[PDB]
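The listed protein sequences correspond, in order, to chains F and C.
If you count the first sequence from 1, you need to add 466 to reach the deposited numbering.
For reference, each letter of the second sequence is one residue, going 3 to 247, 252 to 266, 273 to 1340 in the deposited numbering.
Even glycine gets a Cβ: it sits at the ideal position worked out from N, Cα and C.
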Amino acid sequence: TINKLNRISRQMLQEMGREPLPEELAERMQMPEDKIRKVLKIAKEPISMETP
Amino acid sequence: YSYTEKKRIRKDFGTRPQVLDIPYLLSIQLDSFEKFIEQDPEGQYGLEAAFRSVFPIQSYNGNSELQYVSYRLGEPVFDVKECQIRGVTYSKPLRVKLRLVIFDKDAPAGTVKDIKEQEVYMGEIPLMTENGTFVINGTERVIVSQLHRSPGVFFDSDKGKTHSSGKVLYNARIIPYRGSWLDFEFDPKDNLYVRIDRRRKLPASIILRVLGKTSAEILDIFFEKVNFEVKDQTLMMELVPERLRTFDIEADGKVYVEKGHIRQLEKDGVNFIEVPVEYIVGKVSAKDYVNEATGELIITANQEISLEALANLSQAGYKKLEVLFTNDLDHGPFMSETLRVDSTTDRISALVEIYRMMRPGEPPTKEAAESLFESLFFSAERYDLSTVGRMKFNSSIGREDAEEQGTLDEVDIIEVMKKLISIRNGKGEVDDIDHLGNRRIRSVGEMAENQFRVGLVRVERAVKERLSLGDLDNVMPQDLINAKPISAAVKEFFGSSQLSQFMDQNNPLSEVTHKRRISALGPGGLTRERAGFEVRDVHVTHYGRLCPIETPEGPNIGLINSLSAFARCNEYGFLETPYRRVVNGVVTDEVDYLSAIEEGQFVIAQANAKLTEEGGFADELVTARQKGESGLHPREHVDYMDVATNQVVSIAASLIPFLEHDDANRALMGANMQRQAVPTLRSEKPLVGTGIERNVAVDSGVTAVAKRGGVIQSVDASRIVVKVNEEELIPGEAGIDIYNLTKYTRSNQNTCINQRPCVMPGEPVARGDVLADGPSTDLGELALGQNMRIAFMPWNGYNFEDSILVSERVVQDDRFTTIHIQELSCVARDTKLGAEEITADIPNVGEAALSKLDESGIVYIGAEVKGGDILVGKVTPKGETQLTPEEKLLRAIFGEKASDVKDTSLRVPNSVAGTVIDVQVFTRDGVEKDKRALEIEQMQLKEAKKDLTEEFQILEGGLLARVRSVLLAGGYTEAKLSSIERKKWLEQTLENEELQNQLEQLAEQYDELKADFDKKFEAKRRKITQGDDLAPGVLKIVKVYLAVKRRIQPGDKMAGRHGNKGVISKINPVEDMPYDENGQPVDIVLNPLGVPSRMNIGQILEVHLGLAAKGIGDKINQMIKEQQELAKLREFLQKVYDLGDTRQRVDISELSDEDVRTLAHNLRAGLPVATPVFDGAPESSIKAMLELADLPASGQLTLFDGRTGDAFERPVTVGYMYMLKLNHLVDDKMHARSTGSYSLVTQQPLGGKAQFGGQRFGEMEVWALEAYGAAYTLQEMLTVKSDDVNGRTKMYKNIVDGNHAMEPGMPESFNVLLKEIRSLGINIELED
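Shown next, in the form of structure tokens:
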């Protein structure tokens, strides 16, 4: 789901020229916008406790 | 004189005419970015250069390729201001035209089967603001230039500090812009070795072999040959005359000395010399000699000839033998001995050994070795000796070809070897590593290009991978590339780079100095624990290029420098300085920019050189400099002169008056300290200045400068509308200019940015005139501090060390009061339990704390708040909490229980009191807008429409004025026109075609005006209404801006411009401070003891000159108050401006009466004087100014003690000094903590004021306590104050119980220690 969201947001960005808003991404995925926001916020890799 | 300068003319004490005006101070940024962004039709700079360096992208098979055509930048979605408001990067879209060309497999290679044109988005490129800054993530940042080493070859030596003996060892190092390094060293055994990327040493004959050089070829290249023949059964020396100048010499007619000058006998000239056989024994063969009959090698190249070998070639019939030249002074056998220790004998073995040293532990194959050596230095993809690197390389070897080459070759390497061998021999010298022709400047354009090229290569790898598949029938160019790595690279450079720094914004000088800063640190530069003393010193080539004064005092000394006043960067990145030409003995107006290399040859005169009326020098011998050494040179041998007296120093040092009387240490401190000054409520000019302030103020961008001249139609504290002149108007333009002024906007250092109008309605203004003054600006002049009355004496110990005694009148007059604006943000997020809500229903808080919030839960605009007050109310859902039984009982007794939500609201920090000046609400797209956000949206839309309608009104007034001017070319009566109502003008009916056509034209123009106004307002509403791109999980953000007035108090730091800093110790009452005979008290008392030992004498001279200037101002004030005649006012002003033999000719006779009144009014508070650095006012001029004002010629008055009335026993130096309020305030540095937060792992108190942390008791403190013997205090600090979890709670309870006893235990840090040591598989434990 994350990978194919990345690819669809890829294609939309390259076709319109700007970062696609979650509403248009949900429209292209045929999935609810709440699910799109859940996927987008799911888990970015934890930052290290030694970052200067 | 311009209108802004005519309002207050500063008296100039300089004596040397200025022939070149100082250049624009922010050129180093704008020029570099223009190079980066502007289209380059020749393709050496910027985006075009990167695109041509990566493209065309060729598939490995050859099926198809992607080619670049052109690029363009789109229009920004937002401008600078709203980019700052929302918090987004100010940038432009990158659109590149690419063609996918697909070849035909059946057809021969190179046949264009198909083409596909398309425009592709390649990322977002950040833009430079007009002031040389970037707006990244809503913050202003400056990217500082880097001082690195120029690409090419450097020849160095160890200076005899490595081997046991001296034995100075020489090495050569080649460094490209991109690629691998190469090194060639000499060992203490006089053999030459090669290093590739700093790994194991090699014989260094390998590379020549790789290129295909036989041992004979190497010997031919690296040595000269001496010949031998067998002539008439005799040994036959081919004599070279220069060589001869221990045996008997032939040519019996001209016998030379035998076994015991040369030129006299060599004059005749003979070609026959006989030498003994033993002279051959020591020689080394230069060729490989083969015998056809034997089929073997009789003698090898680089082999010592022996008697048996001589006999062998004698029988072989060979009569000519050539051997190598070898001496101990001029020529050396170094390369031959190098060949002897070389085990390789062929090219394949050479590549094998190079591979083994490159990749140890890998099976070497011929193809892999060939690919590795080709890619190391002779591949365009992995090696690039750039244009600057190529020219430096060519100049080093003296090669005059291959200017556009980017890779090495046989010629380059062999010339490098030849130069290194030559320097070993004695001819040639090593290179200077700090010499500014050897170090290069790399600016924002170059590193932006570099990072863009990195991202482009990142794209190109995947594009090549995709193109190689083959299925390309339905692919477009926009489906092949990957914009996100490019965006990642540019945002890496603009957001996380060491050189992309938070903008210094204390004052305009801080901005200008930050933009003109050169750092040797950063990527590709120096590290601070690996940079020695030599790089930190002032090289002799810094003259006019890097300021020798301005550098940070601390670990970074010498590594961060400031551009000089007239310094410039040439097209290759090397600093150059202007000089005046000297022709026919006269010093001309023509200027030439010289680099470090060029400067050494000529003899350059100083700006202090005396000159005659004819343009030449007066003295027969003039003080000049050549090859970095100063001396006395004849007048006829001088080739250049300096253009200005501030050419050596930076801008901050150029702002220090009487700099030549200050030691370099205190000048350094003063230059560093002028950038920490905080702007005050009222900005005051410096009475004693240098004449540079106008340039800094205008070029900083803080002021509002007129783009076109005209008359100021409308003035208001936020707007200036100017009507442009007729002569300078563009055809078909509105004719009017609008300037919106920044009002009370927070800076990066939480200071105040305010622009105040300095014009009148109707005042004539020209181009370049200042209309509004920004922070620390007064009528277009930089104003960093205030003019303060100063007495130099001790006062009862209150100015002990560097302490400052300040009068109460200074605090009353609010002279050093500052406005500080602070940002506070409350973010309502989405959590597991529920959504955090912004509301006014705050549990456990009464109506006393809800007075200042509105219905939506946000404070009102203009609310005076103090510490602990609630700004924005927020409640967060909370889960079930275990109630202790003895609180369940209390719930039972009194039944109140309201704990559904927890109060997490934004509160004013402690010891912070101020006024709410602005509140902004950002709501996620799809979240309900509360009442307050709707109110902000409505007011924003109303203000936007009001401003747009106001513009329309004023520009339509200008346009209709121009139309009226067009009609008045004939001239009629417009009363008839006004007889018909304005709208009814569109209702007229015309039957004549001539009039009807004009009527239709006017109707169409009116329709177009309506359409454009509607489009503009629709776009503005779209921008206002769109939802914010809040972070994932964030529902709402509210931002509150607090304005705090800070008054001076003890503990604050004050300073002048001469390194004299101090801390205010007392605010003395006015009746206790020293006063003169007229009853006027001093304002600040400074300690004289700090002057003599620090050798900063410019401050005494500044004090005396300020006394004189204030006296002259008092005279003007008096002459205005008594309403004296204008003739005597003019006479006094002319007498004042004619004092001294200066370069300034101010003629009051050419100023109008109103102009004279304005000038006299602006001189009421003192006469501003300019004393340029190294061209300043002498003692005699200062004393003459003092006598003009009827003040003592010594600058010392008689002062009386306010406490007693008794006169002091000695006269005291009293004058006026420009003081600054540095951004080291006791409000931001006072901190205290009893008990607060603790660390997660170490369970120790946090660190810092923001975390309410605790002070650190370091190792040296523990040593001090051990030396005292205070065991119990030390145990308290170790255990019950830091990390004994139970002990610290017990200590708190005991103190509350009034017991004052502790029960120390084991620190948690020791338990963590034990756990990690056990995790390292080591049994560590405690025995009982």
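By DSSP's criteria, residue i is part of a beta bridge. Which residues make up the other side?
i, result
"C/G1227", "C/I802"
"C/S531", "C/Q148, C/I572"
"C/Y123", "C/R97"
"C/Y1053", "C/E835, C/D930"
"C/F464", "Paired residues: none, contrary to the question."
"C/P590", "C/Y605"
"C/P1093", "C/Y1087"
"C/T236", "C/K233"
"C/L1258", "C/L1258 is not bridged to any residue."
Straight-line CA distance for residue i to residue j?
i, j, result
"C/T539", "C/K496", "31 Å"
"C/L1002", "C/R994", "17 Å"
"C/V1253", "C/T1291", "16 Å"
"C/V400", "C/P153", "7 Å"
"C/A257", "C/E240", "13 Å"
"C/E1320", "C/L1338", "15 Å"
"C/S512", "C/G1152", "48 Å"
"C/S391", "C/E379", "15 Å"
"C/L22", "C/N658", "12 Å"
"C/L1119", "C/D825", "20 Å"
"C/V594", "C/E1162", "36 Å"
"C/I1049", "F/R503", "18 Å"
"C/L953", "C/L1054", "24 Å"
"C/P520", "C/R687", "8 Å"
"C/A636", "C/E602", "19 Å"
"C/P560", "C/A608", "16 Å"
"C/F230", "C/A206", "31 Å"
"C/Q1000", "C/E1012", "11 Å"
"C/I668", "C/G701", "7 Å"
May I ask which residues mark the beginning and end of the beta strand (DSSP E) holding residue i?
i, result
"C/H645", "641–646"
"C/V603", "598–607"
"C/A784", "782–785"
"C/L1198", "That residue, C/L1198, is in no beta strand (DSSP E); its alpha helix (DSSP H) goes 1191–1200."
"C/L671", "Careful: C/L671 lies outside any beta strand (DSSP E) and carries neither H nor E."
Classify residue i as buried or exposed, calling it buried when 16 or more other Cβ atoms lie within 10 Å of its own Cβ.
i, result
"C/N573", "buried"
"C/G449", "buried"
"C/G307", "exposed"
"F/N469", "exposed"
"C/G874", "exposed"
Can you give me the start and stop residues for the alpha helix (DSSP H) that residue i sits inside?
i, result
"C/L325", "319–328"
"C/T888", "Careful: C/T888 lies outside any alpha helix (DSSP H), inside the beta strand (DSSP E) at 886–889."
"C/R368", "359–370"
"C/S819", "Segment 816–819 is the beta strand (DSSP E) holding C/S819; no alpha helix (DSSP H) there."
"C/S1331", "1320–1331"
"C/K1028", "1005–1037"
Heavy atom of the ligand FMN less than 7 Å from the Cβ of residue i, yes or no?
i, result
"C/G281", "No copy of the ligand FMN occurs in the structure displayed, which carries no ligand at all."
Problem - Within 9 Å of chain F by C-beta, residues of the stretch 471–497 of chain C in sequence order - result: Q490, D491, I493, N494, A495, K496
Exercise for the section: For the stretch 1032–1056 of chain C, enumerate the residues whose C-beta is nearer than 7 Å to any C-beta of chain F, in chain order. Expected result: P1044, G1045
Handout entry: Residues from the stretch 494–513 of chain F in contact with chain C, defined by Cβ distance under 8 Å
Key = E499, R503, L506, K507
Practice task
Taking a Cβ distance cut-off of 7 Å, strictly less, list which residues of the stretch 77–108 of chain C are near chain F, in chain order.
Solution key: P95
Practice task
Using a Cβ-Cβ cut-off of less than 9 Å, list which residues of the stretch 477–493 of chain F approach chain C; keep chain order.
Solution key: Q477, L479, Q480, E481, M482, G483, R484, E485, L487, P488, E489
Exercise for the section: Would you list, in chain order, the members of the stretch 123–146 of chain C that have their beta-carbon closer than 7 Å to a beta-carbon of chain F? Expected result: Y123
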